[PDB]
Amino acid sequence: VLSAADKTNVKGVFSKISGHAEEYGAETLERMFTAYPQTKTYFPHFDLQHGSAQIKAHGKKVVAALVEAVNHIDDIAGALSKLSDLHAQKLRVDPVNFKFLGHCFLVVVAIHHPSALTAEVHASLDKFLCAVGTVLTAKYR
């Protein structure tokens, strides 16, 4: 559901990374494929060589959407209804992989804005991602 505080913290840490979608998104993706290789299975059609244009383009899109969700952090479902169709009905993404991607994302923020990721935010971000991942597969809820 996300409390007021949780919303505030999420917005905060996103203010610090805004203006880096392209760069960070590409990084979290590459860390995901590198540490959770089986996730590759979902992108046969992707150029997976480090720093590929595809990964960059997609990376940017991914975080662009997470950002979009923050602007409408009050109706994440509505905000991403079109994407839950895609990830649930169409691709049938295993809910387990959403964990891998959120994990890598936190790793990326930790490396570039370690001060921005205080333990309090860390918890708010974690509830945000489980919420997001829920909705994105949630068709089953």
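Start at 1 and count along the sequence shown; that's the residue number.
Trainee: With reference to the PDB entry, specify whether the mean Cα temperature factor is higher for 42-50 or for 101-109.
Mentor: Result: 42-50.
Trainee: Output the stretch having the higher mean C-alpha B factor in the entry; the candidates are 60-68 and 28-36.
Mentor: Averaged over C-alpha atoms, the B-factors run higher in 60-68.
Trainee: Within this chain, which third does the Cα B-factor at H20 fall in: lowest, middle or highest?
Mentor: Its C-alpha B-factor, which the entry lists for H20, ranks in the highest third among residues of this chain.
Trainee: If you rank every modelled residue in this chain by C-alpha B factor, which third holds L83: lowest, middle or highest?
Mentor: For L83, the deposited C-alpha B-factor lands in the middle third.
Trainee: Would you mind ranking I55 by its C-alpha B-factor against the rest of the chain and naming the third, lowest, middle or highest?
Mentor: Answer is middle: the recorded C-alpha B-factor places it there.
Trainee: Going by what the PDB entry lists, where does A5 fall on CA B-factor within its chain: lowest, middle or highest third?
Mentor: Its C-alpha B-factor, which the entry lists for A5, ranks in the middle third among residues of this chain.
Trainee: Quick check for you: using the entry's CA B-factors within this chain, is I76 in the lowest, middle or highest third?
Mentor: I76: CA B-factor falls in the highest third of its chain.
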